[PDB]
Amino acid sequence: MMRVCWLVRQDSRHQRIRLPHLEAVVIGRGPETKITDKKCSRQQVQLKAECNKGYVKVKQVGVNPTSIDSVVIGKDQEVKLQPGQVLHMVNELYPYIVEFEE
C-alpha cells in the first residue's frame, strides 16, 4: 500500500534505484550509478526515503560537495530532497531526482 521511492538518474531515467522506507542507502561512484569521476566518493551520499511524507533525507558522506539545486549540503550535514529538486552527486554534476510511485 505504501508508495515506492525511486532515485532516478535524471539525464538517464532508466537508471532507477529503489530506496526502502526509512532505511539508509549509501551510494556514490560504482556500478549502480556508473559514475567514474574520482572526485565522487564510492560512498558519497546516505539516503533515507520517507515514503509516506514524500521526501528523502540526504546526508553528504563524501568530502567533495554534494548539492541540491546547486546549494551545497556539506559533509555529515543532512537536507531533505523534495519533488522537483535536483540532487547533484558531486561538483554540480550527475543529477538525480526522487519519484514516488504505486
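The first residue of the sequence shown is number 1, and the count goes up from there.
The mean Cα B-factor in the deposited entry runs higher for 13-21 than for the other of 13-21 and 78-86. For the pair 57-65 and 29-37, the mean Cα B-factor is higher in 29-37.
Annotation for residue 97: CA B-factor lies in the lowest third of the chain's modelled residues. In the deposited entry, the Cα temperature factor of residue 8 places it in the lowest third of its chain's modelled residues.
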